[PDB]
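Take a look at the letters that make up each chain.
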There are 2 protein chains.
Amino acid sequence: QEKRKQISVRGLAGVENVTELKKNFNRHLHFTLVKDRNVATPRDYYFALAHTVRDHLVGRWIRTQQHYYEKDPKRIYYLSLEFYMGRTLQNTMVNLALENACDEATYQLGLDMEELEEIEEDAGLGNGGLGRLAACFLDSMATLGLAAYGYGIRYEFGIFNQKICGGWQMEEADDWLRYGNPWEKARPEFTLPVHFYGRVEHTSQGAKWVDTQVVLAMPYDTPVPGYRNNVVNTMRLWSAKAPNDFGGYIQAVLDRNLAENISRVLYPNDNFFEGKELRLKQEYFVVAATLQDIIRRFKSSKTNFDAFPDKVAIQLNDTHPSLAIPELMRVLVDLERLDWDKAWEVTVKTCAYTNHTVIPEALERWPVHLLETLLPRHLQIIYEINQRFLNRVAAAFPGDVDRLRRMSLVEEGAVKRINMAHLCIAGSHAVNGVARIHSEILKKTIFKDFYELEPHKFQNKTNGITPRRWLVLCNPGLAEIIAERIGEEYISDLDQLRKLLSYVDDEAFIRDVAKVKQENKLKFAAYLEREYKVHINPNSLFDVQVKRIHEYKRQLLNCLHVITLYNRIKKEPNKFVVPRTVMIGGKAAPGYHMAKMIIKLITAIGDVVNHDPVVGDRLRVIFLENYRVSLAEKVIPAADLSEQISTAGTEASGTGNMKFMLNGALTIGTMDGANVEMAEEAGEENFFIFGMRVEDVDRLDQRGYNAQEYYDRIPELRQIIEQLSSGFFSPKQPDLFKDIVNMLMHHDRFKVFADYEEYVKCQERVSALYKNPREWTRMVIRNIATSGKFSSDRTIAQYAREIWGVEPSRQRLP
Amino acid sequence: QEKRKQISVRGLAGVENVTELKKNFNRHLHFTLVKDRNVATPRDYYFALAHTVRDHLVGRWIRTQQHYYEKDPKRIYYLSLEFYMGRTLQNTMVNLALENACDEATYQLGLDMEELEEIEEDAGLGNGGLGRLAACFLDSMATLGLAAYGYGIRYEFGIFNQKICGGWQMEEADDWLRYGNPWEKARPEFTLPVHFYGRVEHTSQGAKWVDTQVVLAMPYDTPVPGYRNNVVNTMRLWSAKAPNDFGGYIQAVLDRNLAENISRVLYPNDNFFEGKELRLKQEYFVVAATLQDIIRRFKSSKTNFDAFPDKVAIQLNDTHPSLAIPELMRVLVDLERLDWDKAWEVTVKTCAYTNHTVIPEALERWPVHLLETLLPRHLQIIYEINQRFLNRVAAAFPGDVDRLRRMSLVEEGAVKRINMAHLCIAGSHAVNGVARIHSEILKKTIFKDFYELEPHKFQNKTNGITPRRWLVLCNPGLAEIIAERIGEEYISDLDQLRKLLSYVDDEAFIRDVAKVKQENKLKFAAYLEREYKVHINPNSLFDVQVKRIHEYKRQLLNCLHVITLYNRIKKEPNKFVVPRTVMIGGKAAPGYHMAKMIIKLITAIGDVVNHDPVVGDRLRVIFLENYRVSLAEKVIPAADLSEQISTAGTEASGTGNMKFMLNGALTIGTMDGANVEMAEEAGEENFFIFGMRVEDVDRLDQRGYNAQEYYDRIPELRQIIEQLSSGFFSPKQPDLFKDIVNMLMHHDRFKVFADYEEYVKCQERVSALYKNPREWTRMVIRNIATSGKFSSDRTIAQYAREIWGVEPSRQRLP
Ligand SMILES: Oc1cc(O)c2c(c1)O[C@H](c1cc(O)c(O)c(O)c1)[C@H](O)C2
Ligand SMILES: Oc1cc(O)c2c(c1)O[C@H](c1cc(O)c(O)c(O)c1)[C@H](O)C2
């Protein structure tokens, strides 16, 4: 519509700017897409605009990288197996201040820019929180003027496209490069060899890794624009390519596929270590090519590796790139011929490690035999690291043999394994958790032994989200009513949102907050109708739980509440209840039968609830298909209630929680992860906090969790388990949910029933507030106004000062 | 050098043209290659110029295709499994008249354009003659203003890169898309489904092909510029892509490779049918996607399929796309619901078939079981075609049962097979050979039965080469001395070269012809030094045999001559002989042990000859590595003597013969293929014709070829076989050549020894003429001057008028 073109936060439609954009658009359509308007599809128009927008950061990208070469700052390398980037077109336009100019130029050409934006494929190179965190981090590091590089893998297929067929998840290949990627620049001239297998021989000079198989790593560079500071940083993603030279000639050519399979697809396993050789190869591939780049940049600067930690930070996003530690030692000792002790000093001062979960099944514990076959030299180095590290433990804690056994990089058993978390702590000068409660649990329990050896190593860095994608882009309406009162500085200084507490009693701001939410809901309600012919009641409370499907996130607890609301309506059909649209979305890991069963249960509950004429428009429950970064940008601004209901102690931080808080949703949740700090910032009176705290969970584990006690004492819970058992939600297959029932009653590691009573009552309080629109909106104002801490600019500023030793700067390039 | 910039045939360096080219060059380097001159490699500079040159044909390409849509001419579809295109940059510049402007613009930027041209990968999507013929044909059809489309497969790997290691061929993957292809435009929006396997069911309506596996065919469009007529035609190459939807999720994603393997690599088997399922899939893939395109274009024009043959010609390059015939019948009968007899009338009037060899092992004879599994509906249609075709044979030739058995599409035996040549003749209104002697043998022997049923079907179309790539581009020096005398019209009217017979006695032209040859030889001699550190004597006769390595091409006969020259020098070291550099090059099919042994024999003869101090610079024999279109453009203009020495009756035409004739080489050859017509055009007195004619070969077959008789009667031959046997050319492995010796003495299908005596004497006459430079050059003038018939413009004009029913035109577009 025109209205959106009038949005001040979207910048200026300069006459000359608009004229040049139209000309460059038409130029790309003719010379780049080789089409005239006669035959051009919306896809052609999307690509013409994407090429036009990309041209506007080429000068800045070249100048930024030239500026780092000349000024030689310390370089930050963010190593991750995942970059959950989403779409690039709107983000680029926001960060370059081109959004209103492009909007006007496309409008004058007869085009709806927002329809074109829907054509762009997500770069879905992530599973969830960790991947999206890497993405928010690249944006904040560019905005803070850091000389920062994202390093990862250019997966041919990202996280699988989820279809729901017969109420079940079906997985399809996320063919995101089908139509090409206008953002990336292939750098095949900067291709590097990566080695696999082979053997270690010992020459006059020392160890030599020989007889290896080569896979080439071909880098692809994507631009990362800072917010209006003329800074354009690089995300470098490596693509696997079969080496130059070699069933027959034909089979040998087809067999190039096996090496190229290394970058073929993202492992969709979110919170579970599988131990697949191909995943190990992906981890070594990204670490090996990346560290060659890092060493090359270091040596072409203003040799003596003493200065390497003053010019390089390597940040390990989880244990996935943990092989950086032995790889850096391998390069320094075997190729640069440093003494072991000097090499180790350099390695520890270079590397830092971010831990993202305490869940034991997440821990990377590679079989020694697999390491011995694939990476023989890395295994030798790991054993040497282990010897020297345990010698330090023995000196600090003389005769504490149990501690030596617990701290060892080597795990004894039927299969001997390397603990990659232990390797990361040993080879890193800093270890951080991703929220205060998580970082304290790391020092208290999980890494207590490591904390006692080296307390100075252990840090907190509470996660954050970029206010650019998660407010200005996704919710320009809310960004606009904020700018109208406090100006635009908050977009890169989010603590300025605290100025909004001055408007808790301002009739105009109260009106405007509620109006923006209603607009967002009408647009999302429309979306469901247009793309899925799904009708939702737009005067309903939007109750949203979007995140990966896991027992620990307790989508099942949400299911028990939804069926509780259904059964209360049936018992007292005459009694008024606040109408709800309950939306659950997210992907289940291919495999995880239980996660796939929970998706079927959500759709099955919907099948009953949504067709009961007594319920009608008072309650609707819908499974949002293919939850991904692009769909998060649509549903989160439309949300009234944010479900953050993980068992206390299980969610290290969460970032979806922060997105909802920034976009004018109230939160129902446990005192878990960053929920604790969110409630602290806003005041607990402005959060719907319920359920067991970590210490209540621990007291239940101490005496044993008996789900039967809850079943016996709670009539409403008993009625629901009996509906699930007897086939009420699967009449044509009455035993369909027996595995869910049996897990809840006898094998529930996440104590669903133990929080049921507090959850249902807490949800009653939510409904009671929603019936009072003014006080609902006033409480929302108090949440948005205190969301500033959860800016990833704040997080990155802390990494820069406390771990990397660099000073951030919002000062602009010319 | 500057001199080449002064070449009038290379066009004008307009001041504004040069200024715009430099600006667009710098523009591409910044916005396309994202590099500033600081860091730019010669590769960046090549790509910047390629993008700049490509931009200059975008308007013409769009207008040409729009012009065909509006004027609705009959469309020519040239279906081939091979397009042996070579490099595109220089060809584009020649056809757009930009060569001197680009040369000047790059010069002003401090760049050598010819060094940049060496960076471009050949599009090596061909094996040899048939593939390069398809390439010359696209060029001539554009130059003749035909509404012509090349349709083929976008192989990820073309013909293998040949390395010589220890004197043996080694094959490497021809990774021609490593750095990208600036010429092609991906059209993923015009992606089409191709079906494989499945089964035939019979509904109310008729046959239905069901339960198939889908492979997507994604088209890539390359421009084909005519010579300065503003015409830009299309080569559409299909890429295999796994369908949208589906060992586990991960194995299912990796298994997309199996479908994508269909377009992975060119079968390097030049003159041998192998019967590989994957080759059958490539043949159906190109035919199926192509015929969907053809039908779509037909229906979006100014339904009734009665007009289809008035608006479509399908030219089948060999039997490789022979499935077009049953596929067109399948579409017309099963999907468009035409009566069988009407469908057949349409199919025969649409399709024509070009035969390229009489060698039995070349004939495509697919097992019926393979067809039944992969293409069940095509097999049914082929059986129906066969029934109706043999019914016509039975009516024409009542009671001739032997003729029914010989003409059948179905070949009886242990394995029953479909003869694809028989299918092509049945389903085509025209059948042609590729030289007069070949086309007459087709009517006399191979297809005699078919000629007798339908004599009107059988045509000759003598092959040709484009005078653009094979004279103006590769030999601008010779193009220039010709233009100086007769102007530039000959470049698209090559019969104008006959005007050069007026200069046989012209002292200045004689001087200039010899000077251009000497320049070409000095440049090729330099090339060997720069790229291979190989020294050649530049006052030596350049004796060149470049072509695929096959027993029928008799590289071995050349080897016996080279060793004859070596042994004569050793016997009479004091006797003067014309110094020679004997150059043999070409690829052996992976497999063909004998072809690989012949390459080793050439290098082994070189190892002795090139290190014998008695011989010194008087005789050098070198194996030219990686013979391909780009290397043909270098060596052929430097050649003095063209070896075309195939056994009479074995080479259908040849095109290398024509390239040498156009570039000022004299020819030693058999009365075989187009050699016959070349000698007829120039006068036999201007050719070194030797050896058995077809009827002498036939008389030897009638009484039996006994190689021993030649061995017993020829002392010099006996001495050579004994050197090969005893290990003179393999001292460290004395029996290394026993298989070559045993084949020559007992299993020689190509009668090498039978032409030995005439060959050696004919070579004596060559040397005798070379000792007289004036008369050598005068005879060259008489060859170049009469090469005009062998223009592919002449060939295409004949296809257009005699088979396609369209009138050619050199008249320009605005
Ligand atoms: O930021 C948002 C928020 C939303 O709730 C929606 C958004 C974008 O775009 C969708 C959409 C789909 C299409 O298929 C279109 O063509 C189109 O223009 C917009 C739909 O309106 C819902
Ligand atoms: O048409 C011809 C004819 C030839 O005989 C040669 C040609 C081109 O280019 C080669 C060459 C190789 C390189 O590596 C270069 O850099 C370069 O400029 C030229 C070499 O001179 C030999």
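In the PDB archive, X-ray crystallography is given as the structure determination method for this entry, at a resolution of 2.10 Å.

As annotated in the PDB entry, chain A carries the name Glycogen phosphorylase, muscle form and comes from Oryctolagus cuniculus. Looking at the PDB record, one finds the entry titled "The complex of Glycogen Phosphorylase with epigallocatechin (EGC)". Regarding chain A, the relevant UniProt record gives this comment under Catalytic activity: "[(1->4)-alpha-D-glucosyl](n) + phosphate = [(1->4)-alpha-D-glucosyl](n-1) + alpha-D-glucose 1-phosphate". Under the UniProt heading Subunit, the entry covering chain A gives this text: "Homodimer. Homotetramer; to form the enzymatically active phosphorylase A."

J.: Quick question: what am I supposed to make of the overall build of chain A here?
T.: Looking only at helices and strands, chain A has 34 helices and 25 strands in total. Taken against the 2.2 N^0.38 rule, which gives 28 Å for 814 residues, the C-alpha radius of gyration of chain A at 27 Å falls within 12% of a compact globule. Judged by the C-alpha coordinates and their principal axes, chain A covers about 90 × 75 × 60 Å. The proportion of buried residues among the 814 residues of chain A is 66%. Of the accessible surface of chain A, which amounts to about 29,400 Å², a share of 50% is contributed by carbon and sulfur atoms.

J.: Help me out: how do you make sense of the site of ligand 1 in this one?
T.: All names here are of chain A. What surrounds ligand 1 is the set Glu 114, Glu 115, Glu 118, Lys 523, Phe 524, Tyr 527, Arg 530, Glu 531 and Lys 634. A distance of 3.5 Å is found between an oxygen atom of ligand 1 and a backbone nitrogen or oxygen belonging to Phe 524. Within the side chain of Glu 531, a nitrogen or oxygen atom sits 2.7 Å from an oxygen atom of ligand 1. Relative to its free-state accessible area of 470 Å², ligand 1 is covered by the protein chains to the extent of 79%. Among the secondary structure elements, those contributing two or more residues to the shell around ligand 1 are α6 (113–117) and α22 (507–532). Looking at the shell around ligand 1 residue by residue, the classes come out as 2 nonpolar, no polar and 7 charged.

J.: Help me understand the packing of helix α12 (residues 324–335) of chain A against helix α15 (residues 376–396) of chain A, please; the structure alone is not making it clear to me.
T.: Relative orientation and spacing of two packed helices are given, respectively, by the angle between their axes and the distance between those axes. Residues and elements named next belong to chain A. Across the interface, α12 lies against α15 with an axial gap of 9 Å and an inter-helix angle of 95°. Relative to α15, the element α12 lies roughly perpendicular. The segment α12 lies against α15, with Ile 325, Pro 326, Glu 327, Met 329, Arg 330, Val 333 and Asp 334 engaging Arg 377, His 378, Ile 381, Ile 382 and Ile 385. In terms of residue class, the contact of α12 with α15 is made up of 7 nonpolar, 1 polar and 4 charged.

J.: Would you take a moment to explain the site of ligand 2 for this structure?
T.: Residues and elements named next belong to chain B. Near ligand 2, the surroundings consist of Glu 114, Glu 115, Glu 118, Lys 523, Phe 524, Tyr 527, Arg 530, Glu 531 and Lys 634. Between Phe 524 and ligand 2, the recorded distance is 3.5 Å, taken from a backbone N or O atom to an oxygen atom. The protein chains hide 79% of the 460 Å² of surface that ligand 2 would expose on its own. Of all the secondary structure elements, the ones that give two or more residues to the shell around ligand 2 are α6 (113–117) and α22 (507–532). Among the residues making up the shell around ligand 2, the classes are represented as 2 nonpolar, no polar and 7 charged.

J.: Would you explain the relation of the copies chain A and chain B in this entry?
T.: The relation between the two copies of this chain is a rotation about an axis and a shift parallel to it. Once chain A has been moved 0.0 Å along the axis and rotated by 180°, it coincides with chain B to within an RMSD of 0.0 Å. This pairing of chains is accounted for by a two-fold axis. Among all residues of chain A, the one whose C-alpha sits closest to the rotation axis is A:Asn257, at a distance of 3.6 Å.

J.: Mind showing me how you'd approach the pattern of salt bridges here?
T.: As a working rule, side chains carrying opposite charge can pair if their charged atoms are close by. This model, assessed by the stated rule, comprises 156 salt bridges over all chains. The residue B:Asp755 makes a salt bridge to B:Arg554 at a minimum N-O spacing of 2.7 Å. Taken together, the residues span a long stretch of sequence, with B:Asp755 in the loop between α31 (738–746) and α32 (756–770) and B:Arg554 in the loop between β20 (541–546) and α23 (555–571) at a distance of 201 residues. Judged by its relative accessible area of 1%, B:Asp755 falls in the buried class. Residues joined by salt bridges that share partners form a network here, namely A:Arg4, A:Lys5, A:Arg10, A:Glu99, A:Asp103, A:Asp112, A:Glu114 and A:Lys523.

J.: Would you explain the packing of aromatic side chains in this entry?
T.: Working definition: an aromatic ring pair is given by the centre-to-centre distance plus the angle between the planes. Residues and elements named next belong to chain B. Enumeration according to the criterion identifies 54 aromatic pairs over all chains in this entry. Here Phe 273 and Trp 366 contribute two aromatic rings whose centre-to-centre distance is 4.8 Å and whose plane-to-plane angle is 90°, an arrangement assigned as edge-to-face. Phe 273 gets classed as buried once you look at its relative accessible area, which sits at 15%. Centroid distance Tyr 770 to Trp 776: 5.0 Å. Interplanar angle 75°. Geometry classified as edge-to-face.

J.: Is there a simple way to explain the interface of chain A and chain B in this structure?
T.: Interfaces are frequently sized by the accessible area removed from exposure as the parts join. Taken together, the 50 residues of chain A in the interface contact 50 residues of chain B. For the interface between chain A and chain B, the tally reads 6 salt bridges. Among the salt bridges present, the one from B:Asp175 reaches A:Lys241, with a minimum N-O distance of 2.6 Å. Applying the counting rule to chain A against chain B returns 14 residue pairs in polar contact. Mapped by element, the contributors of at least two residues to the side of chain A that touches chain B are α1 (15–32), α2 (42–55), α3 (58–71), β6 (168–172), α8 (249–254) and α9 (256–260) of chain A. Per element, the largest residue contribution to the side of chain A that touches chain B is 5 residues, and it comes from α3(A). Residue classes in the side of chain A that touches chain B are distributed as 23 nonpolar, 9 polar and 18 charged.

J.: How do you make sense of helix α7 (residues 129–143) of chain B when you look at a structure like this?
T.: The periodicity of an α-helix, 3.6 residues per turn, causes residues three or four places apart in sequence to face the same way. Residue and element names in this part refer to chain B. With 15 residues, α7 extends 21 Å from end C-alpha to end C-alpha; this agrees with the ideal 21 Å at 1.5 Å per step. Taking burial as the measure, the 15 residues of α7 include 14 buried ones, the bulk of the element. Remark: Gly 145 follows α7 within two positions and exhibits a positive phi of approximately 70°.

J.: Is there a simple way to think about the state of the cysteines in this case?
T.: Two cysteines whose sulfur atoms are joined by a covalent bond form what is called a disulfide. On inspection of all chains with the given rule, the structure shows 0 disulfides over all chains. With no disulfide of its own, B:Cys424 lies 8.5 Å from the sulfur of B:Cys351, the closest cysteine sulfur.

J.: Help me understand the sheet that holds strand β15 (residues 365–367) of chain B in this model?
T.: Whether parallel or antiparallel, the strands of a sheet pair through hydrogen bonds between backbone atoms. With antiparallel pairing, the 3 strands of this open sheet are ordered in space as β15-β17-β16 (chain B). The open sheet terminates on both sides in strands that have one partner only, identified here as β15 and β16 (410–411) of chain B.

J.: I would appreciate a short explanation of the environment of A:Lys416 in the present structure.
T.: Residue and element names in this part refer to chain A. For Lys 416, the position within the fold is in the loop between β16 (410–411) and β17 (417–419). When neighbours within four sequence positions are excluded, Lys 416 is seen to be in contact with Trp 366, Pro 367, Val 368, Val 410 and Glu 411. Only 2.7 Å separates the side chain of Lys 416 from the side chain of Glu 412, close enough to count as a polar contact.

Here is what the cut-offs are and how they apply
- Residues numbered from 1 in each chain as written, not as in the entry; some residues may be left out.
- Chains lettered and ligands numbered in written order.
- Heavy atoms only, no water.
- UniProt positions renumbered as here; feature names shortened; annotations may be inferred.
- Helix = DSSP H or I, 4+ residues; strand = E, 2+ residues; numbered from the N terminus.
- Rg over C-alpha atoms; globule rule 2.2 N^0.38 Å.
- Buried < 20%, exposed > 50% of the residue type's maximum accessible area, 1.4 Å probe, protein only.
- Areas by Shrake-Rupley, 256 points an atom, 1.4 Å probe, with all protein chains shown as cover.
- Near = heavy atom within 4 Å.
- Polar contact = N/O pair within 3.5 Å; in protein donor to acceptor, adjacent residues only side chain to side chain.
- Nonpolar A, V, L, I, M, F, W, Y, C, P; charged D, E, K, R; others polar.
- Axes fitted to C-alpha atoms, helices over the stretch in contact; angles between N-to-C directions.
- Parallel < 35°, antiparallel > 145°, perpendicular 65-115°, else oblique.
- Contact = heavy atoms within 4.5 Å.
- Least-squares fit on C-alpha atoms.
- Salt bridge = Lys/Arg side-chain N within 4 Å of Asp/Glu carboxyl O.
- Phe/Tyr/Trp six-rings, centres within 6.5 Å; stacked < 30°, edge-to-face > 60°.
- Expected span 1.5 Å × (residues − 1).
- Disulfide = S-S within 2.5 Å.
- Pairing = 2+ DSSP bridges.

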